[PDB]
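See structure below.
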Amino acid sequence: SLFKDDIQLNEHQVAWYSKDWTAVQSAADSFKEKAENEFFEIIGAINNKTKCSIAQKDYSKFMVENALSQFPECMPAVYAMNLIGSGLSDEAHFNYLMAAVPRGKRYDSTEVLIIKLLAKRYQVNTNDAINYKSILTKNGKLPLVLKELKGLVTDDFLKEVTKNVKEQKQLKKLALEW
Amino acid sequence: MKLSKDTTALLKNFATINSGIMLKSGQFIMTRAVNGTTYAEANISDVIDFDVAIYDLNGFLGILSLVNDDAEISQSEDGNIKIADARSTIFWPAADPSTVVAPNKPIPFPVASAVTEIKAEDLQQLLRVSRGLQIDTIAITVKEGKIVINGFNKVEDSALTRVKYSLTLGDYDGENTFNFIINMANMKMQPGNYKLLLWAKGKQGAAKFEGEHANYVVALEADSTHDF
Amino acid sequence: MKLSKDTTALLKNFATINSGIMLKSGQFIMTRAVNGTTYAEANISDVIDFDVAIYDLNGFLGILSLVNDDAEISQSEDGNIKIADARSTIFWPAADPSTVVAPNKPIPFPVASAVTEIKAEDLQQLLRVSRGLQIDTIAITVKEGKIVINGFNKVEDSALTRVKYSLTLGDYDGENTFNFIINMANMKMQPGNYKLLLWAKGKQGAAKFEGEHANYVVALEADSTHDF
Amino acid sequence: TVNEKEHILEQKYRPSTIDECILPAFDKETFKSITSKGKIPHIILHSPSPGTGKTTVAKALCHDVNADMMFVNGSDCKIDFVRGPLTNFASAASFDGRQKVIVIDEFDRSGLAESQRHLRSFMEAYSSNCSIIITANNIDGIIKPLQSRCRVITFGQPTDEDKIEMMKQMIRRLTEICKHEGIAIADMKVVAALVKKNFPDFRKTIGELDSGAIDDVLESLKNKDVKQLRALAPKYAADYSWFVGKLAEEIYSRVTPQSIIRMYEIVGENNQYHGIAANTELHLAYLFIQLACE
Amino acid sequence: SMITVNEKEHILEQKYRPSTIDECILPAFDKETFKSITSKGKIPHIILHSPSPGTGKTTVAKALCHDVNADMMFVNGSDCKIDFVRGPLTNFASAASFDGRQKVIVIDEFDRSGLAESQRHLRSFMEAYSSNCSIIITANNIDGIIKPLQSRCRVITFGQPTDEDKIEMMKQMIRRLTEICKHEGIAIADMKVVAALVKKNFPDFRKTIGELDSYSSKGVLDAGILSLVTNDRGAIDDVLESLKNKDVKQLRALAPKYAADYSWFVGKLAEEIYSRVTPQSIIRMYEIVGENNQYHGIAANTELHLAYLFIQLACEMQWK
Amino acid sequence: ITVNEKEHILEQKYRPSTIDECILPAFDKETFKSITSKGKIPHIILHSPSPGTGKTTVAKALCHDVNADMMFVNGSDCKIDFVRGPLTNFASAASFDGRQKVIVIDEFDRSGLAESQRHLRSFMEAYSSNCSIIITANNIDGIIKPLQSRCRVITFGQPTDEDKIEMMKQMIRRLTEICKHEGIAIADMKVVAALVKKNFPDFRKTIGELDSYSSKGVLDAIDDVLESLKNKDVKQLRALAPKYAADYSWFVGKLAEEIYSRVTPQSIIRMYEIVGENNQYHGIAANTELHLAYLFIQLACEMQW
Amino acid sequence: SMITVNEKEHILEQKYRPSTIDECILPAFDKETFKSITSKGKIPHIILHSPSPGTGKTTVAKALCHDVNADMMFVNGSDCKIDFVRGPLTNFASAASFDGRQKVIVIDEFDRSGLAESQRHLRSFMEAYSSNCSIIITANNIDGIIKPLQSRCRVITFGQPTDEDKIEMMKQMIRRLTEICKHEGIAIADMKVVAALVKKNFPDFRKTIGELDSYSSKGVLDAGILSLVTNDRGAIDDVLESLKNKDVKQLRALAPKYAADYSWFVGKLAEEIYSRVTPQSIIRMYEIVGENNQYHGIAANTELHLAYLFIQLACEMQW
DNA sequence: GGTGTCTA
DNA sequence: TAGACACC
Ligand SMILES: Nc1ncnc2c1ncn2[C@@H]1O[C@H](COP(=O)(O)OP(=O)(O)O)[C@@H](O)[C@H]1O
Ligand SMILES: [Mg+2]
Ligand SMILES: [Mg+2]
Ligand SMILES: [Mg+2]
């Protein structure tokens, strides 16, 4: 591009050939299945009783547990996995549910910022800090405190919130609508 | 405003005490470690002409050194910092004051309990040796009619029994015993010569190093003993 | 005792062979890698006046370089090491001999099987090139009536078939084939010129580099082969 | 005393000193007793009834001793956080030579178990400079060797005398802030009907002005529906120990004699296994269905 | 005269920490077994484990070193991650006792779960330098120390004295509390309140000196406070009577009363229900109470869990 | 029959060199000649799953038979750093002459390797024109879905009764020739076909046992617990418990793993309640050795398979 | 004398560490299998694994080397991260010795979980120079060593002797403890206290010499000290007898006696009730005790929780 | 989830 | 400095 009649060179060639590894690294990353699609992929197997394995997959004991608890027919097994579920292999806790719940069919970040924000300013727990968001959003509407306390957003502070570009998106969001 | 090579020298040092700084129009700069264990203050030859908080002071100073000395720092149209060079213009962010830690006021230092001095190359040996011997705490105390500094490695020696290093500052006139313990982590002073002013009232204590360029007050540790 | 800049030069080198050292009163110092694969010995100009084991020899040497040259090392009152400067005193720990690996005695080197020499700048090229080509093993062997060194990368070439580097030391008079393999990781000699004495009896083998400042014996790997 | 800038009444009116707090007889005197010595030992302040404002008493004892005070949300006190900030704080002698006091609020959060054990050697480590004040809803969440280095002080059972006198204190205080905040007093039985409505929890009653009944659940169990129950469960996850008590209490009267024998097996068994159960919110859901059925 | 006052300390359970092994209040054998160690001058690898806090573990560790004039490295066990063991602890075990002082590493509160790896690394390390340097480990829960490590150590176990030893320690602790009051300007009105402290929380001699500090608020001490101290540990009659009457209102109300000490109460209960009930109901009263006791500490609300016991008992207990 | 001399283990030293010398089922053998004739090798994943069938052996030989320039890399070894440096180096580093470049990546189904897998799927888009990839797997699910796209995955195993008959024969005849070079003696020829039967699938397993027995230069694991639970006895279980007291967290993991396959579907739901409850209460339990005994009995009672 | 003394050591379980393979107390076969090795002079790759500490693993490793006049590199297995294996261990396996001494690397306590990669790196490295240098691994838990490694080694497993072997070892250990007392100036009043130490903690010969150090406080083993050794792991007879008699008064009273160490007691109990009771009652005694043990530490009152066990047992146990 | 360790 | 792995 600046050489007209170049050949083709897909995303992957350009990466690997030039040796910037962030593109290669991102080139690897793009191929992998979307987290949300995996979480859906799994829940349906237990349910509709179809094949799949994990360990090729991201697994939240919570998610399956929660998502499952939805149908009162599942609830007995969700319980056992609840009391007992600790220290079972993510893989085991998978196979319990599999041969356990018989039939089938099936059908915060931003707030965390606000909250861990509020507790740090007033030196209080994450418990009142919920009640503090409440007492404001209703009353006083609290963009007005979101105004004083936009002040402390420091870059270091973002890392305790979340681990990714999702954080610097927030950086601005709160520099914004108040 | 413009900043001389001496001022930025000073400022880089303060940056080691605290990553940010709050600069206020006048000829006086000061900072304190976030943890309040070390405080620095200096008069400067340049005049700071506007209030500004800088979040990464080390980064700011690096940029400065990339411009001519005549480069004119001013307040930006939108409020941030504007470094203006002959042909070039740089923009550095002003920080919300509520995000950067500053001392309230310069509290006068109490008249000294003890007074001595430390020579520039002795303070250097102490710092340097300190990384090598792994001396993480030092004690300004009295031995044989002289003021000495004793280094100890507190991880390996809890009581400060085994003395890895000793430096002799000068003879001591008074009759008082004082064992003033300091945390190496808090000796941030830029290299040079320092009047050393020790002060204590009961469990309270502080040491003020008074140099040509600046002053440093630094807290003495809990274990400190004395009859002052 | 006092240590000249040459002795500490040497000592820093030995420190690369083994992290500690056992120093004995006399003009002779020696060390051996913990794994016994490389041994060094040197006569020094300074006289060591007391037996002492040093656990981190690199650390010790760093400290030394922070004092004047006249700094007088002696045995500490409690036995550790005392480095005494004009105005300052440093204390470094003596180590329990049972924790530091030392060679037993200097075993005489067997009369050489083969003798050659290696020039200071050739030894340097070999070491330097070695990091760049990734040559982790070398072979002193015979080709076309001359003693050559051949480097190989043993991870990518198991047999030592593909030769990445070759250096020609000198012609070879005898009729014997010998392929003497050395592990790059064991060439620790300080840069300089070395008489090179190769020796082998059956599966046994060792190479002694004999320099002006010191000697180094270093094991030939099990895959070395010969006619001796 | 006001902090005339701050944005929240409980925060703007927080009693600065130890008298200005609304408390039990035996309790105020015990606390006076402590600050009297001018130096604070290691303390566990434990509730368990909420909104009695543990962290307020604490923030107070520190003020009466004129101590430099580091605050930590208990949720936030993690192993490494204790290793640097606290140790950074705990270690240094203060230029002004007050006592450093670490207040750790609500230390009965969960995986903090390990930071608790790190602290056993610590507390003995800096005794002169420092003390810790732990704030717990349930003591059994403070590990026993920590309980041992600490004064355990355990809050309040207002005497009937306390009751009335506290009550007058809560009216003349609440009166005073509606003053400063320029809010209108239309009736003086509406003030005192707040001081009564939620009594031991004043922090609560002031949070009402800055704008429970188990009925919602009791009603959903009768209706035997899931959507409502499933939703109500996470609401009470917070204090299960309290809620489960209130539940057995009101279901006992409202249900058949045969169902009383069963409601106890169900709730007893559930209560019994809480703390084993991974997800407490779900474990509560499991109770609700079980109950609506039987 | 004798008692050790650190005097840089206000906190008082620590102002009064014993500096030597004699000043230590311990079982007869463990005291001699420690006296034995200090005489020889060379300390073996020891584990001192409670579990219950307050028994003298970390005091005895420091004392053993004092008494031997050891060169001691005191160390927070939580801070011994493996790198710390490889670096500073190794750098120390290895270094050459010169002052001619035996080197001891005291690793305090070393019973953490995830220090398992630092622990495995010590098992080689403890043998390698056993010539030069010995290790004293302090722990509340010994299972958190790996077997290979217990095996390398003499395991002395605190806080389970023989009744004969238990008695002698409670005599010496009382005597101590006295000598401590003397120096703190605390007046002792009744001596009964001082022995009640010693008995009330016995194994633990920290809380024991802790409660005393607590009460000198208006210093000296009276008998009036004695009623504060002893409390009421008597009469199960109210409950025993309500279980016969098989009613709920009474039981429901009595439960929160005893929530405080369940471990004590449940013991007293099984004791007196055993005699007052039928033989067949004895086999059942044990299943019921045993099962209940067993699950206390799992149970969220202890007050309710106690309620659940009472009903269960009124139902199945049948008796005159 | 080919010998790589200077090799220690017979399984390394006798390594069928050609897709012909490999002992294989009907379709499987025809399949690889099918491939070796076209003189070029596509992107492949051979997966077994039952081990010792000859994955890594067919892989290496496919290179041979086409006279490949082969780069052989084991999967545990093929790392975020290796894929970028040597692998890329070889692909883009030029061999003159004929030889075709093929990168055999062995046992690439390994837990932490999934990033090294993605990085290669992209690699394949990058370098495929100039080389070709053969990955080997015990469990294909150890492989990301996208490598299972651009790779032809051929599945080993299941010889027909005809093939069984005729493969046995080849491993028996092939066992004779090893023993001829080795100076090992065959006392009974029915005892050699006792081993070709006993573990039939497993062609790699048969050769380690053979080394074991030549001690006298002639021919004649959770298993211990898994076996004792089937036998439902106590003396054995009671004794095995203290053995594993050491790492319970590891052992209990391995146990649920292998009992899951070996037991009935209804017993799976139960084995989890039993083991889950046990694991759950470890660390409460005073005596961990006994607490483990308590598990074993509980399991022998309720498990059936 | 008849006992090696490291003599730079006060710690005494280590002052007395056997220097050779004969001085080692081991099962009959493993001693001959080790004798066999040292005679030939070239040592194979061995794993010596306990698990239970104290059985001779790291003593035997050092002895094999002594007896062969090996050139030995002793190494803390925890320190073997992969770089150390590529570096110094390779540098050593490769080197040519020359004293004509067989090279042995002893990797002590090599059973760590995360040294898994260093382990995979040895499986190539062990074959490559097996000509030159042999590796002796010591471990408490063998599953922490990868299969491919076990497979490359002779795995000799300590601490499970035959009853015939168990007897001989306890005779030799007693004999040893004696010879060690002799040299330490410890007077032996009753010999019963010395055999009680050997039996009390048997597999482990470290604690066994450790307990002995513990008891010399008064430099005598008199019957007054023999009284001590019986008590710690002592007779469960009083309870075993009360369970047969199925009475409560006795059981109720015996419970608080053993509250102290429940973890030890419950172990001794299951041990002796197993033999003395019916086969059907064995399956039950485990459910009962297992369930009890399992919930100890949840249980408020441990003394009562123990009472609850006893009744439960007297009811369901038959013999 | 937290903490630790190791390899990259 | 992360992610992989392992143990609460
Ligand atoms: N199908 C086979 N034909 C011939 N030899 C085999 C076969 N399978 C395994 N072997 C023996 O095992 C060795 C390695 O086999 P490999 O193919 O790595 O086993 P796996 O199926 O687990 O990958 C070979 O050198 C060979 O002697
Ligand atoms: Mg302690
Ligand atoms: Mg293979
Ligand atoms: Mg060992």
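All residue names refer to the structure tokens as shown: chains lettered A, B, ... in order, residues numbered from 1 in each chain, ligands numbered from 1 in order.
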TODO: Give as an MDAnalysis selection string the residues surrounding ligand 4 up to a distance of 7 Å, considering only C-alpha atoms (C1' of nucleotides) and all ligand atoms.
DONE: (chainID E and resid 124) or (chainID G and resid 57:58 108:109 138)
Those same residues - C-alpha atoms - I'd like them written as a CSV table (one decimal), in the first residue's frame.
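New file again06.csv:
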chain,number,residue,atom,x,y,z
E,124,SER,CA,16.5,-30.2,52.7
G,57,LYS,CA,16.0,-42.4,51.8
G,58,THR,CA,18.5,-39.5,51.9
G,108,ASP,CA,16.9,-34.6,47.3
G,109,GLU,CA,13.2,-34.1,48.0
G,138,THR,CA,14.7,-38.8,46.9
Open item on the list: Among region 6-247 of chain F, which residues does DSSP mark as strand (DSSP E or B) when it is run on the backbone? Keep the chain and numbering as in the structure and answer as number ranges by chain.
Closed with: F: 44-47, 68-74, 100-106, 132-137, 152-155, 185-186, 218-219
Task: Residue contacts of residue 60 (chain F) (8 Å, only C-alpha atoms (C1' of nucleotides)) excluding same-chain residues fewer than 4 positions away, as an MDAnalysis selection string - done: chainID F and resid 17 56 64 70 72 104
- [ ] Give me every alpha helix (DSSP H) residue in region 23-90 of chain A, going by DSSP on the backbone, as an NGL selection string.
- [x] :A and (23-31 or 35-48 or 61-69 or 75-83)
Task: Residues within 7 Å of ligand 1, counting only C-alpha atoms (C1' of nucleotides) and all ligand atoms, as a list in words - done: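 The residues near ligand 1 are residues 10, 11, 12, 13, 14, 15, 16, 21, 22, 23, 24, 48, 51, 52, 53, 54, 55, 56, 57, 58, 202, 203, 204 and 207 of chain F.
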N, CA and C atoms of the current selection, written as an mmCIF file, in the first residue's frame:
data_model
loop_
_atom_site.group_PDB
_atom_site.id
_atom_site.type_symbol
_atom_site.label_atom_id
_atom_site.label_comp_id
_atom_site.auth_asym_id
_atom_site.auth_seq_id
_atom_site.Cartn_x
_atom_site.Cartn_y
_atom_site.Cartn_z
ATOM 1 N N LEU F 10 14.148 -50.042 23.341
ATOM 2 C CA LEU F 10 13.866 -50.783 22.119
ATOM 3 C C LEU F 10 12.778 -50.084 21.315
ATOM 4 N N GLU F 11 11.885 -49.412 22.035
ATOM 5 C CA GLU F 11 10.792 -48.680 21.411
ATOM 6 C C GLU F 11 11.328 -47.435 20.689
ATOM 7 N N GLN F 12 12.442 -46.896 21.176
ATOM 8 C CA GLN F 12 13.146 -45.846 20.438
ATOM 9 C C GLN F 12 14.055 -46.458 19.358
ATOM 10 N N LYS F 13 14.662 -47.599 19.687
ATOM 11 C CA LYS F 13 15.599 -48.280 18.795
ATOM 12 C C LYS F 13 14.949 -49.107 17.709
ATOM 13 N N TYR F 14 13.746 -49.612 17.934
ATOM 14 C CA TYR F 14 13.041 -50.195 16.806
ATOM 15 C C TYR F 14 11.821 -49.348 16.521
ATOM 16 N N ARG F 15 11.923 -48.503 15.504
ATOM 17 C CA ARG F 15 10.913 -47.488 15.237
ATOM 18 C C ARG F 15 10.489 -47.513 13.792
ATOM 19 N N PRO F 16 9.371 -48.168 13.491
ATOM 20 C CA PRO F 16 9.117 -48.399 12.076
ATOM 21 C C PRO F 16 9.320 -47.119 11.253
ATOM 22 N N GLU F 21 6.357 -50.333 7.200
ATOM 23 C CA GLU F 21 6.875 -51.100 8.318
ATOM 24 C C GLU F 21 6.049 -50.851 9.558
ATOM 25 N N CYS F 22 5.146 -49.887 9.499
ATOM 26 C CA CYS F 22 4.276 -49.669 10.639
ATOM 27 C C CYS F 22 3.179 -50.725 10.575
ATOM 28 N N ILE F 23 2.776 -51.253 11.734
ATOM 29 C CA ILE F 23 1.737 -52.287 11.785
ATOM 30 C C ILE F 23 0.382 -51.610 11.976
ATOM 31 N N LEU F 24 -0.521 -51.770 11.015
ATOM 32 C CA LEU F 24 -1.746 -50.974 11.015
ATOM 33 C C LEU F 24 -2.991 -51.690 10.509
ATOM 34 N N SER F 48 -5.314 -40.787 18.323
ATOM 35 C CA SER F 48 -5.408 -42.231 18.641
ATOM 36 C C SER F 48 -6.789 -42.870 18.977
ATOM 37 N N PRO F 51 -3.500 -45.251 23.535
ATOM 38 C CA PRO F 51 -2.103 -44.936 23.210
ATOM 39 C C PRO F 51 -1.390 -46.112 22.547
ATOM 40 N N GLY F 52 -0.136 -45.889 22.168
ATOM 41 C CA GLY F 52 0.718 -46.935 21.637
ATOM 42 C C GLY F 52 0.344 -47.512 20.281
ATOM 43 N N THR F 53 -0.685 -46.965 19.636
ATOM 44 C CA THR F 53 -1.032 -47.374 18.269
ATOM 45 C C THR F 53 -0.016 -46.975 17.184
ATOM 46 N N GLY F 54 0.861 -46.007 17.465
ATOM 47 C CA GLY F 54 1.760 -45.499 16.442
ATOM 48 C C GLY F 54 1.571 -44.098 15.868
ATOM 49 N N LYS F 55 0.889 -43.205 16.599
ATOM 50 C CA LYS F 55 0.770 -41.798 16.193
ATOM 51 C C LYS F 55 2.088 -41.178 15.759
ATOM 52 N N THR F 56 2.961 -40.965 16.744
ATOM 53 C CA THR F 56 4.206 -40.228 16.516
ATOM 54 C C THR F 56 5.109 -40.966 15.523
ATOM 55 N N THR F 57 4.886 -42.271 15.401
ATOM 56 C CA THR F 57 5.670 -43.136 14.532
ATOM 57 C C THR F 57 5.253 -43.012 13.072
ATOM 58 N N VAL F 58 3.939 -42.971 12.835
ATOM 59 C CA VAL F 58 3.404 -42.740 11.499
ATOM 60 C C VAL F 58 3.818 -41.363 11.080
ATOM 61 N N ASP F 202 -2.047 -51.995 22.166
ATOM 62 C CA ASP F 202 -0.982 -51.121 22.595
ATOM 63 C C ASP F 202 0.313 -51.685 22.060
ATOM 64 N N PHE F 203 0.823 -51.074 21.000
ATOM 65 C CA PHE F 203 2.037 -51.561 20.340
ATOM 66 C C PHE F 203 3.312 -51.026 20.992
ATOM 67 N N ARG F 204 3.190 -49.914 21.714
ATOM 68 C CA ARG F 204 4.327 -49.316 22.405
ATOM 69 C C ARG F 204 4.584 -50.009 23.745
ATOM 70 N N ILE F 207 6.597 -53.386 23.909
ATOM 71 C CA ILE F 207 8.074 -53.302 23.831
ATOM 72 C C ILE F 207 8.834 -52.897 25.122
#
TODO: Skip residue 292 (chain D) itself and residues of its chain fewer than 3 positions away, then list as number ranges by chain all residues within 8 Å of it, counting only C-alpha atoms (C1' of nucleotides).
DONE: D: 221-222, 224-225, 288-289
Just to be explicit: take each residue in the selection above, keep N, CA, C and O atoms, and write the result as a short mmCIF file (atom, residue, chain, number, x, y, z; two decimals), in the first residue's frame.
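The result, written out as selection_31.cif:
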data_model
loop_
_atom_site.label_atom_id
_atom_site.label_comp_id
_atom_site.auth_asym_id
_atom_site.auth_seq_id
_atom_site.Cartn_x
_atom_site.Cartn_y
_atom_site.Cartn_z
N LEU D 221 -44.34 -17.00 49.35
CA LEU D 221 -44.37 -18.41 49.75
C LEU D 221 -45.79 -18.95 49.77
O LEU D 221 -46.04 -20.10 49.40
N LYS D 222 -46.72 -18.11 50.23
CA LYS D 222 -48.15 -18.40 50.15
C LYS D 222 -48.51 -18.61 48.68
O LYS D 222 -49.03 -19.67 48.30
N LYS D 224 -46.79 -19.38 46.38
CA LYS D 224 -46.07 -20.56 45.90
C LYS D 224 -45.41 -20.36 44.54
O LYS D 224 -45.16 -21.33 43.83
N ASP D 225 -45.09 -19.12 44.19
CA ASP D 225 -44.45 -18.83 42.90
C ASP D 225 -42.93 -18.77 43.01
O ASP D 225 -42.38 -18.52 44.09
N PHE D 288 -36.38 -21.58 49.98
CA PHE D 288 -37.68 -21.02 49.61
C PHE D 288 -38.60 -21.99 48.87
O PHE D 288 -39.79 -22.09 49.18
N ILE D 289 -38.05 -22.70 47.89
CA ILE D 289 -38.82 -23.67 47.13
C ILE D 289 -39.27 -24.79 48.05
O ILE D 289 -40.44 -25.16 48.07
#
TODO: Name the residues in contact with residue 106 (chain E) at a cut-off of 8 Å, using only C-alpha atoms (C1' of nucleotides), excluding same-chain residues fewer than 5 positions from it; report them as a ChimeraX atom specification.
DONE: /E:61-62,72-75,135-138
As an mmCIF file with N, CA, C and O atoms, in the first residue's frame, please: every protein or nucleic acid residue near ligand 2 (cut-off 7 Å, counting only C-alpha atoms (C1' of nucleotides) and all ligand atoms).
data_model
loop_
_atom_site.group_PDB
_atom_site.id
_atom_site.type_symbol
_atom_site.label_atom_id
_atom_site.label_comp_id
_atom_site.auth_asym_id
_atom_site.auth_seq_id
_atom_site.Cartn_x
_atom_site.Cartn_y
_atom_site.Cartn_z
ATOM 1 N N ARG D 120 -1.070 -12.259 63.028
ATOM 2 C CA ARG D 120 -0.846 -12.663 64.394
ATOM 3 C C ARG D 120 0.543 -12.259 64.828
ATOM 4 O O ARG D 120 0.747 -11.913 65.980
ATOM 5 N N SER D 121 1.514 -12.334 63.933
ATOM 6 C CA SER D 121 2.879 -12.043 64.342
ATOM 7 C C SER D 121 3.097 -10.545 64.342
ATOM 8 O O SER D 121 3.882 -10.011 65.130
ATOM 9 N N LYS E 57 4.045 -20.341 73.443
ATOM 10 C CA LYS E 57 4.828 -20.731 72.249
ATOM 11 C C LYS E 57 5.836 -19.673 71.806
ATOM 12 O O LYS E 57 7.039 -19.911 71.846
ATOM 13 N N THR E 58 5.372 -18.505 71.377
ATOM 14 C CA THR E 58 6.320 -17.513 70.874
ATOM 15 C C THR E 58 7.128 -16.825 71.965
ATOM 16 O O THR E 58 8.085 -16.125 71.638
ATOM 17 N N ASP E 108 7.848 -17.655 63.165
ATOM 18 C CA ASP E 108 6.609 -17.512 63.929
ATOM 19 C C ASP E 108 5.368 -17.826 63.094
ATOM 20 O O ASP E 108 5.298 -17.526 61.905
ATOM 21 N N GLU E 109 4.389 -18.449 63.727
ATOM 22 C CA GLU E 109 3.108 -18.660 63.083
ATOM 23 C C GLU E 109 3.344 -19.236 61.705
ATOM 24 O O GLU E 109 2.822 -18.729 60.729
ATOM 25 N N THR E 138 6.855 -21.903 65.324
ATOM 26 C CA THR E 138 5.725 -21.682 66.211
ATOM 27 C C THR E 138 4.490 -21.810 65.339
ATOM 28 O O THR E 138 4.490 -21.292 64.231
#
- [ ] Compute the chain G side of the contact with chain E at 6 Å, counting only C-alpha atoms, and hand it back as a ChimeraX atom specification.
- [x] /G:9,11,53,76,78,207,217,295,298-301,305,308
Task: Long-range neighbours of residue 44 (chain D) as a VMD selection string, 6 Å cut-off, only C-alpha atoms (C1' of nucleotides), 5 positions minimum in chain - done: chain D and resid 133 to 135 151 to 153
Open item on the list: List as a VMD selection string the protein and nucleic acid residues near residue 11 (chain B), meaning an atom at most 12 Å away when only C-alpha atoms (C1' of nucleotides) are counted, but skip any in the same chain fewer than 3 places from it.
Closed with: chain B and resid 3 to 8 14 to 23 28 to 31 40 to 44 54 56 to 62 64 189 to 190 213 to 214
For the interface of chain B with chain E (cut-off 12 Å, counting only C-alpha atoms), please tabulate each contacting residue of chain B alongside its nearest pair of atoms and their separation in Å to one decimal, rows sorted by chain and increasing number, as a Markdown table.
| residue | atom | partner | partner_atom | distance |
| --- | --- | --- | --- | --- |
| B:134 | CA | E:88 | CA | 10.3 |
| B:153 | CA | E:88 | CA | 10.5 |
| B:154 | CA | E:73 | CA | 9.2 |
| B:155 | CA | E:73 | CA | 7.6 |
| B:156 | CA | E:73 | CA | 5.5 |
| B:157 | CA | E:73 | CA | 5.7 |
| B:158 | CA | E:74 | CA | 6.4 |
| B:159 | CA | E:72 | CA | 9.0 |
| B:160 | CA | E:73 | CA | 10.7 |
| B:161 | CA | E:71 | CA | 9.0 |
| B:162 | CA | E:71 | CA | 9.2 |
| B:202 | CA | E:8 | CA | 11.1 |
| B:203 | CA | E:8 | CA | 9.4 |
| B:222 | CA | E:8 | CA | 9.6 |
| B:223 | CA | E:8 | CA | 8.4 |
| B:224 | CA | E:8 | CA | 10.0 |
| B:225 | CA | E:8 | CA | 9.4 |
TODO: Residues of chain F no more than 6 Å from chain G, counting only C-alpha atoms: send them over as a list in words.
DONE: residues 284, 285, 286, 287, 291 and 294 of chain F
Keeping N, CA and C atoms, export the residues of the selection given above as a short mmCIF file (atom, residue, chain, number, x, y, z; two decimals), in the first residue's frame.
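Output file part_2.cif follows:
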data_model
loop_
_atom_site.label_atom_id
_atom_site.label_comp_id
_atom_site.auth_asym_id
_atom_site.auth_seq_id
_atom_site.Cartn_x
_atom_site.Cartn_y
_atom_site.Cartn_z
N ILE F 284 -10.96 -29.88 57.94
CA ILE F 284 -11.67 -29.99 59.20
C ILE F 284 -11.19 -31.24 59.94
N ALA F 285 -11.12 -32.32 59.18
CA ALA F 285 -10.88 -33.65 59.71
C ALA F 285 -9.55 -33.76 60.46
N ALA F 286 -9.64 -34.27 61.69
CA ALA F 286 -8.48 -34.45 62.55
C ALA F 286 -7.44 -35.32 61.89
N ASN F 287 -7.77 -36.60 61.77
CA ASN F 287 -6.87 -37.59 61.17
C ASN F 287 -7.17 -37.76 59.70
N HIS F 291 -9.71 -40.22 57.54
CA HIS F 291 -10.71 -39.54 56.75
C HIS F 291 -10.67 -40.05 55.33
N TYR F 294 -12.26 -43.47 55.40
CA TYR F 294 -13.70 -43.28 55.42
C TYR F 294 -14.25 -43.10 54.01
#
Kindly provide the residues of chain H that approach chain D to within 10 Å, each paired with its closest atom pair and their distance in Å to one decimal, based on only C-alpha atoms (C1' of nucleotides), listed by chain and increasing number, as a Markdown table.
| residue | atom | partner | partner_atom | distance |
| --- | --- | --- | --- | --- |
| H:1 | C1' | D:111 | CA | 7.2 |
| H:2 | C1' | D:111 | CA | 6.2 |
| H:3 | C1' | D:79 | CA | 8.1 |
